[PDB]
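Undergrad: This one is coords17.txt, compact mmCIF, C-alpha atoms and all ligand atoms.
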# COMPACT_ATOMS: atom_id res chain seq x y z
CA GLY A 42 32.06 87.75 23.99
CA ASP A 43 33.80 84.94 25.88
CA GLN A 44 37.34 84.21 24.79
CA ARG A 45 38.98 80.81 24.59
CA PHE A 46 42.70 80.03 25.10
CA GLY A 47 43.52 76.35 25.01
CA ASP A 48 41.24 74.59 27.43
CA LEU A 49 40.37 77.88 29.30
CA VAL A 50 37.45 80.32 28.83
CA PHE A 51 37.63 83.96 29.89
CA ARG A 52 34.74 86.37 30.47
CA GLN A 53 35.24 90.06 31.15
CA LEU A 54 33.12 91.06 34.13
CA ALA A 55 34.28 94.72 34.57
CA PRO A 56 36.88 96.77 32.91
CA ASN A 57 39.61 95.29 35.12
CA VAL A 58 38.14 92.03 36.15
CA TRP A 59 37.82 88.73 34.26
CA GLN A 60 36.56 85.29 35.20
CA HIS A 61 38.72 82.32 34.28
CA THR A 62 36.99 78.98 33.70
CA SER A 63 38.72 75.62 33.51
CA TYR A 64 37.34 72.03 33.17
CA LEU A 65 38.14 68.69 34.84
CA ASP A 66 37.83 65.75 32.42
CA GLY A 71 31.78 64.94 31.47
CA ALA A 72 33.64 68.26 32.00
CA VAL A 73 33.16 70.10 35.38
CA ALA A 74 33.68 73.91 35.28
CA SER A 75 35.56 75.82 37.94
CA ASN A 76 35.83 79.57 38.03
CA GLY A 77 38.42 82.05 39.40
CA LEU A 78 39.27 85.67 38.82
CA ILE A 79 41.89 87.86 37.15
CA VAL A 80 42.22 91.47 38.32
CA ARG A 81 44.17 94.26 36.65
CA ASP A 82 45.50 96.61 39.38
CA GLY A 83 47.23 99.47 37.60
CA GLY A 84 50.49 98.03 36.18
CA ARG A 85 50.10 94.55 37.70
CA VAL A 86 47.69 91.57 37.56
CA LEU A 87 46.38 89.60 40.55
CA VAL A 88 44.89 86.08 40.31
CA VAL A 89 42.28 84.37 42.47
CA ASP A 90 42.42 80.57 42.31
CA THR A 91 44.36 78.25 40.08
CA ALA A 92 42.77 76.06 37.38
CA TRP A 93 42.25 72.33 38.06
CA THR A 94 45.69 71.46 36.68
CA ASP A 95 49.14 72.88 36.24
CA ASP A 96 48.83 72.86 32.44
CA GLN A 97 45.52 74.76 32.64
CA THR A 98 46.99 77.27 35.06
CA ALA A 99 49.89 77.91 32.66
CA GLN A 100 47.21 78.62 30.00
CA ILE A 101 45.73 81.30 32.31
CA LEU A 102 49.15 82.92 32.65
CA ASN A 103 49.73 82.84 28.89
CA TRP A 104 46.35 84.37 28.18
CA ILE A 105 47.15 87.15 30.64
CA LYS A 106 50.45 87.86 28.88
CA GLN A 107 48.79 87.86 25.43
CA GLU A 108 45.65 89.89 26.30
CA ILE A 109 46.70 92.11 29.23
CA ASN A 110 50.53 92.12 28.98
CA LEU A 111 51.20 93.13 32.59
CA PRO A 112 53.15 91.13 35.19
CA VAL A 113 51.30 88.86 37.56
CA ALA A 114 52.30 89.98 41.04
CA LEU A 115 50.48 87.44 43.23
CA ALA A 116 47.77 84.83 43.49
CA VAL A 117 45.34 84.12 46.33
CA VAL A 118 43.91 80.58 46.39
CA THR A 119 40.67 80.01 48.28
CA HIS A 120 40.95 76.48 49.80
CA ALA A 121 43.00 73.30 49.57
CA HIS A 122 41.07 71.35 46.92
CA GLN A 123 42.06 70.58 43.32
CA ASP A 124 39.82 73.13 41.57
CA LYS A 125 41.38 75.99 43.55
CA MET A 126 45.02 74.81 44.20
CA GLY A 127 45.61 72.09 41.57
CA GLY A 128 47.91 74.46 39.61
CA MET A 129 50.20 75.74 42.41
CA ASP A 130 53.32 74.25 40.79
CA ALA A 131 52.57 76.25 37.59
CA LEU A 132 52.25 79.49 39.55
CA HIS A 133 55.55 78.83 41.38
CA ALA A 134 57.32 77.87 38.13
CA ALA A 135 56.16 81.24 36.67
CA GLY A 136 57.48 83.18 39.69
CA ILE A 137 54.09 84.27 41.04
CA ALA A 138 53.99 84.86 44.80
CA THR A 139 51.24 82.66 46.30
CA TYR A 140 49.03 83.23 49.36
CA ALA A 141 46.47 80.96 51.01
CA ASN A 142 44.83 80.66 54.43
CA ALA A 143 47.38 79.25 56.91
CA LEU A 144 44.86 76.42 57.41
CA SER A 145 44.79 75.70 53.68
CA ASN A 146 48.58 75.42 53.73
CA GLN A 147 48.43 73.12 56.76
CA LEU A 148 45.75 70.88 55.13
CA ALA A 149 47.41 70.97 51.69
CA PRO A 150 49.56 67.80 52.07
CA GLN A 151 46.55 65.89 53.44
CA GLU A 152 44.41 67.10 50.50
CA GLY A 153 47.10 66.32 47.86
CA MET A 154 47.81 69.99 47.19
CA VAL A 155 51.04 71.99 47.08
CA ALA A 156 51.11 74.67 49.78
CA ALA A 157 51.34 78.31 48.92
CA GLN A 158 54.50 80.25 49.71
CA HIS A 159 52.72 82.55 52.18
CA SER A 160 50.04 82.14 54.81
CA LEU A 161 47.12 84.51 55.43
CA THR A 162 45.74 84.70 58.95
CA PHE A 163 42.43 86.12 60.11
CA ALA A 164 40.93 88.03 62.96
CA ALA A 165 37.95 86.75 64.98
CA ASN A 166 35.74 88.94 62.82
CA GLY A 167 36.96 87.14 59.65
CA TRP A 168 39.06 89.88 58.11
CA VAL A 169 42.60 89.10 57.05
CA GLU A 170 45.38 90.30 59.35
CA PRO A 171 46.80 92.96 57.01
CA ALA A 172 50.48 92.32 57.63
CA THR A 173 49.91 88.79 56.17
CA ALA A 174 48.44 90.29 52.95
CA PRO A 175 51.02 92.87 51.87
CA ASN A 176 50.32 94.98 48.82
CA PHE A 177 47.03 93.26 47.93
CA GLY A 178 45.73 96.41 46.18
CA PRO A 179 41.97 96.07 45.74
CA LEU A 180 41.71 92.48 46.99
CA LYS A 181 39.86 92.35 50.34
CA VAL A 182 40.22 88.84 51.86
CA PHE A 183 37.65 87.52 54.26
CA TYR A 184 37.38 84.18 56.11
CA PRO A 185 33.64 83.61 56.64
CA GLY A 186 33.94 80.55 58.84
CA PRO A 187 33.81 76.82 58.05
CA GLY A 188 31.41 75.77 55.32
CA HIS A 189 32.31 74.04 52.09
CA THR A 190 35.58 73.32 53.89
CA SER A 191 37.07 74.47 57.21
CA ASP A 192 39.62 76.63 55.36
CA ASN A 193 37.49 78.30 52.65
CA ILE A 194 38.17 82.02 52.09
CA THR A 195 36.47 84.69 50.01
CA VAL A 196 37.63 87.87 48.21
CA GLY A 197 35.99 91.20 47.43
CA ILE A 198 37.35 93.57 44.81
CA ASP A 199 37.41 97.12 46.09
CA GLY A 200 36.38 99.88 43.62
CA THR A 201 34.13 97.33 41.84
CA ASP A 202 30.55 95.53 42.42
CA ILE A 203 32.05 92.15 42.68
CA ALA A 204 32.76 89.57 45.43
CA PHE A 205 34.00 86.03 45.05
CA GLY A 206 32.60 83.22 47.12
CA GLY A 207 34.60 80.27 45.62
CA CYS A 208 33.04 76.92 46.37
CA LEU A 209 31.15 78.19 49.47
CA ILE A 210 28.43 79.87 47.40
CA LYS A 211 26.14 78.09 44.98
CA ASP A 212 23.92 79.76 42.47
CA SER A 213 20.41 80.86 43.33
CA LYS A 214 18.67 78.06 41.37
CA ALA A 215 20.79 75.27 42.86
CA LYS A 216 19.15 72.10 44.26
CA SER A 217 22.26 71.13 46.27
CA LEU A 218 25.37 72.40 47.97
CA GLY A 219 27.67 70.35 45.78
CA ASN A 220 30.48 68.38 47.29
CA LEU A 221 29.92 68.23 51.12
CA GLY A 222 32.61 65.59 51.77
CA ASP A 223 34.86 68.03 53.71
CA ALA A 224 32.02 70.41 54.77
CA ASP A 225 31.05 71.76 58.13
CA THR A 226 27.31 71.08 57.86
CA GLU A 227 26.53 72.80 61.18
CA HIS A 228 28.27 76.16 60.54
CA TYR A 229 27.84 76.41 56.78
CA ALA A 230 24.71 78.61 56.79
CA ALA A 231 26.26 81.17 59.15
CA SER A 232 29.45 81.23 57.06
CA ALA A 233 27.46 81.94 53.89
CA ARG A 234 25.62 84.76 55.65
CA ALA A 235 28.93 86.14 57.03
CA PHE A 236 30.28 86.38 53.45
CA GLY A 237 27.24 88.41 52.50
CA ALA A 238 27.68 90.74 55.46
CA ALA A 239 31.37 91.21 54.76
CA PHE A 240 30.67 92.55 51.24
CA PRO A 241 27.30 94.17 51.73
CA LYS A 242 27.31 96.29 48.58
CA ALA A 243 28.61 93.62 46.17
CA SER A 244 25.93 93.04 43.56
CA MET A 245 27.77 90.56 41.33
CA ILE A 246 28.58 87.33 43.18
CA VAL A 247 31.17 85.13 41.43
CA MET A 248 31.45 81.50 42.50
CA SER A 249 33.33 78.40 41.54
CA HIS A 250 30.68 76.23 39.77
CA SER A 251 28.06 78.54 38.25
CA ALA A 252 28.04 81.75 36.20
CA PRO A 253 28.02 85.02 38.15
CA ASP A 254 24.78 85.69 40.04
CA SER A 255 23.16 88.39 42.14
CA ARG A 256 23.14 88.48 45.94
CA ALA A 257 20.30 85.92 45.68
CA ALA A 258 23.04 83.27 45.47
CA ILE A 259 24.11 84.11 49.03
CA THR A 260 20.68 83.97 50.63
CA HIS A 261 19.77 80.87 48.63
CA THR A 262 22.96 79.13 49.66
CA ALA A 263 22.31 79.97 53.31
CA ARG A 264 18.67 78.70 53.06
CA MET A 265 19.90 75.40 51.68
CA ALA A 266 22.59 75.12 54.31
CA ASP A 267 20.07 75.80 57.07
CA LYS A 268 18.52 72.43 56.28
CA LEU A 269 21.88 70.63 56.83
CA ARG A 270 21.53 71.17 60.64
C1 LIG A 301 30.72 65.65 42.33
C2 LIG A 301 31.05 66.40 41.04
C3 LIG A 301 31.05 67.90 41.31
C4 LIG A 301 30.00 66.07 39.98
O1 LIG A 301 32.31 66.01 40.58
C5 LIG A 301 33.37 66.52 41.34
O2 LIG A 301 33.26 66.64 42.51
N1 LIG A 301 34.61 66.90 40.68
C6 LIG A 301 35.85 66.92 41.43
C7 LIG A 301 36.95 65.93 41.10
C8 LIG A 301 38.24 65.96 41.88
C9 LIG A 301 38.42 66.98 43.00
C10 LIG A 301 37.29 67.98 43.33
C11 LIG A 301 37.18 69.15 44.43
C12 LIG A 301 35.87 69.78 44.29
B1 LIG A 301 35.29 71.05 45.21
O3 LIG A 301 34.13 71.88 44.34
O4 LIG A 301 34.62 70.45 46.61
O5 LIG A 301 36.55 72.08 45.58
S1 LIG A 301 35.11 69.07 43.13
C13 LIG A 301 36.04 67.95 42.57
CA CA A 302 51.41 69.76 40.51
CA CA A 303 39.40 65.79 51.80
ZN ZN A 304 36.43 72.30 47.56
ZN ZN A 305 34.75 73.54 43.91
In structure tokens, write the structure found in this file.

TA:
Amino acid sequence: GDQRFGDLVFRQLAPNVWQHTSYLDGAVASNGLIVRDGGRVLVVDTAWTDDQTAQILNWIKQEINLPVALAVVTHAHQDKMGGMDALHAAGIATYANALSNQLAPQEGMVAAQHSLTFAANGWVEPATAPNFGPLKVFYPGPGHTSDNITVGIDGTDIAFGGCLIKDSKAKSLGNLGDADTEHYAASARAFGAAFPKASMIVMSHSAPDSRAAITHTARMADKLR
């Protein structure tokens, strides 16, 4: 039951949640989310490119036909922020970790329009995340990158680890070029603790998994110290 639109694949995960998948040209998949929140849609992560991100927005108009209120992007790398210009051109309010916005020029990304900040416990400072509906934004600590953030969807089973979390069969932690090898394991575990009842763990580079993806990721990362 996956749907294709252009270069993008969509999979419904829950009545009001879909995974978007885009490919960097041997094609490399990256996943984000689409959430229907009453009369408005919320997006987590861009596609790799502006043209792919415009395809997400066009699919949403065709299949859901509700306005896209805002997008949260989960770190300043191309798979998650490559399509910022497309979001801005479409009039979608964009939010990213302050640190992602600060790193964005140095990582070749366009900054979001708004900065999220976080408490010492990892939870977003709520005044920086106005009207986020069911999206619960959590900074787990440095791991895949220093700026990586994660998102749980309230009212559902379903938390999004972005590029921090790898699937439970993985043999590696992917691209570690910008990683914090010392703190990674703790950050993975902190994600798990933040969303303790999430049973469907969505991530950037594998299909959705169980909580096993969290504990497996942390076990791998333990060996990086
Ligand atoms: C090493 C493999 C995964 C085979 O190839 C890539 O890394 N693809 C990418 C190309 C350009 C840019 C990027 C950024 C990436 B993130 O997952 O660290 O956000 S991946 C990636
Ligand atoms: Ca661009
Ligand atoms: Ca870099
Ligand atoms: Zn990355
Ligand atoms: Zn990635």

Undergrad: Counting only C-alpha atoms and all ligand atoms, which residues in chain A sit no more than 9 Å from ligand CA 302 (chain A)? For each one, give the nearest pair of atoms and the distance in Å, sorted by chain then residue number, as a Markdown table.

TA:
| residue | atom | partner | partner_atom | distance |
| --- | --- | --- | --- | --- |
| A:94 | CA | A:CA302 | CA | 7.1 |
| A:95 | CA | A:CA302 | CA | 5.8 |
| A:126 | CA | A:CA302 | CA | 8.9 |
| A:127 | CA | A:CA302 | CA | 6.3 |
| A:128 | CA | A:CA302 | CA | 5.9 |
| A:129 | CA | A:CA302 | CA | 6.4 |
| A:130 | CA | A:CA302 | CA | 4.9 |
| A:131 | CA | A:CA302 | CA | 7.2 |
| A:154 | CA | A:CA302 | CA | 7.6 |
| A:155 | CA | A:CA302 | CA | 6.9 |

Undergrad: Output as CSV one row per residue of chain A within 9 Å of ligand ZN 305 (chain A): the closest atom pair and its distance in Å to one decimal place, counting all atoms listed in the file, sorted by chain and residue number ascending.

TA:
residue,atom,partner,partner_atom,distance
A:74,CA,A:ZN305,ZN,8.7
A:75,CA,A:ZN305,ZN,6.4
A:76,CA,A:ZN305,ZN,8.5
A:122,CA,A:ZN305,ZN,7.3
A:123,CA,A:ZN305,ZN,7.9
A:124,CA,A:ZN305,ZN,5.6
A:125,CA,A:ZN305,ZN,7.1
A:189,CA,A:ZN305,ZN,8.6
A:207,CA,A:ZN305,ZN,6.9
A:208,CA,A:ZN305,ZN,4.5
A:209,CA,A:ZN305,ZN,8.1
A:219,CA,A:ZN305,ZN,8.0
A:220,CA,A:ZN305,ZN,7.5
A:248,CA,A:ZN305,ZN,8.7
A:249,CA,A:ZN305,ZN,5.6
A:250,CA,A:ZN305,ZN,6.4

Undergrad: Anything within 9 Å of (47.6, 83.9, 54.7): list those residues as a ChimeraX atom specification, counting only C-alpha atoms and sticking to the file's coordinates.

TA: /A:117,140-146,157,159-163,169-170,173-174

Undergrad: Go through A:77, A:200, A:178, A:47 and flag the residue nearest residue 251 (chain A), using all atoms listed in the file for the distances.

TA: A:77

Undergrad: Taking only C-alpha atoms into account, name the residue in A:180, A:99, A:121, A:245 that is nearest to residue 133 (chain A).

TA: A:99

Undergrad: Residues contacting ligand CA 303 (chain A) - anything with an atom at most 8 Å away, using all atoms listed in the file - can you give me those as a CSV table (one decimal) with C-alpha atoms, keeping the file's coordinate frame?

TA:
chain,number,residue,atom,x,y,z
A,122,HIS,CA,41.1,71.4,46.9
A,151,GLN,CA,46.6,65.9,53.4
A,152,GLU,CA,44.4,67.1,50.5
A,222,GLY,CA,32.6,65.6,51.8
A,223,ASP,CA,34.9,68.0,53.7

Undergrad: Skip residue 195 (chain A) itself and residues of its chain fewer than 5 positions away, then list as a list in words all residues within 8 Å of it, counting all atoms listed in the file.

TA: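 The contact residues come out as residues 119, 182, 183, 184, 185, 204, 205, 206, 207 and 236 of chain A.
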
Undergrad: Nearest to ligand LIG 301 (chain A) among A:175, A:113, A:166, A:221, with distances taken over all atoms listed in the file: which residue is it?

TA: A:221
